[PDB]
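Cβ atoms come from the backbone with ideal geometry, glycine included; neighbour counts cover every protein chain shown. Every number here is computed from the coordinates shown, using simple stated rules; none is lab data.
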Amino acid sequence: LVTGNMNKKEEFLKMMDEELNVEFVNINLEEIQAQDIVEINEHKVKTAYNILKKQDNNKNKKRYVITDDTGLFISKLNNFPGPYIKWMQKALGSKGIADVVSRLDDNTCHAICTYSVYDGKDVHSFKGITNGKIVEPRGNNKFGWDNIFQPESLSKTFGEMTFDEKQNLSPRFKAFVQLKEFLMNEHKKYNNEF
Amino acid sequence: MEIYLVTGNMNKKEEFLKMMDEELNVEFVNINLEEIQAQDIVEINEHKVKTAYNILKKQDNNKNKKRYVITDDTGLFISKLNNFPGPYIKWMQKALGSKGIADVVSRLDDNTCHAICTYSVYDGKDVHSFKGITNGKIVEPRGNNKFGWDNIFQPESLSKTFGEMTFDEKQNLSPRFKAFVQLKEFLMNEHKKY
């Protein structure tokens, strides 16, 4: 039980990592309001760790628990909604967000994904940022706001990509890669000490 | 009986006292409270008052028969943002300010919205919440500007924003006054039992 990750909607970590084994737990986490996405996610990961601690596996050795969170920061909303994108997406949907942005002076934005890992004592966070533009929906529409996000100077949306091109621009991948190197440096450190 | 409104805002304190008109003795306590993320503002405020109650109760080393703790929370619900930001208004306000929100709303098909004030009271066993709701329009800032987004909320059919209006003009109109008179009736009812 050395590495625990939490979601029910997500099979990205599967394909993103192969050098380590990982477990997937589903907990119903209460998020808090704050200004910094990292603050929200570190609180969430500590909260989840504690729930995993008091329930069942209360007796064991070092355990790593991981949560993620994504924000969408829209330039002409002065970087709103950030970590509240999921309430905006619930209210407006991809089409509604794109129609709002088509009424602003420009459509530039950026998406941030953060991983946070907690071992009972230490918290670590890794964020990936990808600049882009809100555009009218294109591509798959079951992946949230992927269909309206057009990264960098490209002509596609995330909803129009699969995994070859998406990964390289995915803020989640940029973040994950930092998280993997930390986990592997902890696993390597563990093994040298035996 | 013992009633506590949670606030550190001196202006909010005096407005409450004046609403109460010496009908009930109300004490104030300045406690920072975390706001969870949730769909409904009442769910947010109810969690917040239950938290405020427990912080006060553990501190006091007391247990009273009846002790009433009250928190409030407000939201701005913009019609052409499909009622977003709602309870997240203050993160929009911090990002964009009053001028920025008015500017954004003026780019949508209309500037209609509604504002909601909520009071939640908790005695340790039962939680009760009260929702005051008022329709309006988002306009260029007008009046006092140190009261959050009052200066851009123009209650429906009127030509003044809340920032230009007096206490008497808000009676039966301000979402806070509507919620307060419900709360006060509940507290008065609880007082007959004492």
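Remarks
- Simple label model, 7 Å out from Cα along Cβ direction - residue A:140 to residue B:107, nm: 3.0 nm
- Comparing mean-square fluctuations of A:155, A:75, A:170 from a GNM of chain A with C-alpha springs under 10 Å, the top value falls on A:155.
- Computed [θ] at 222 nm, helices only, for the protein assembly as shown once each DSSP H run of length n ≥ 4 contributes -39500 (n - 2.57): -11500 deg cm²/dmol
- Converting the Cα gyration tensor eigenvalues of the stretch B:3-193 into ellipsoid dimensions via √(5λ) gives semi-axes, longest first, of 31, 18, 14 Å.
- 18 Å Cα-Cα reach of residue A:180 towards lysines, excluding residues that sit fewer than 8 places from it in its own chain: A:14, A:62, A:127, A:188, A:189
- The stretch A:33-91 - convex hull of alpha carbons, volume per residue in Å³: 89 Å³
- Between residue B:14 and residue A:194, the C-beta separation translates, for a Förster distance of 56 Å, into a calculated FRET efficiency of about 0.25.
- Net charge, residue A:41 excluded, C-beta distance under 12 Å - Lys, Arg +1, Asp, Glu -1: -3
- For the pair residue B:39 and residue A:59, label points projected 7 Å from Cα toward Cβ lie 4.2 nm apart.
- Listed peptides B:128-140, B:40-52, A:8-20 by packing density, highest first (mean Cβ within 10 Å): B:40-52, B:128-140, A:8-20
- Ratio of the Cα radius of gyration of the protein assembly as shown to 2.2 N^0.38 Å, where N counts its residues: 1.13
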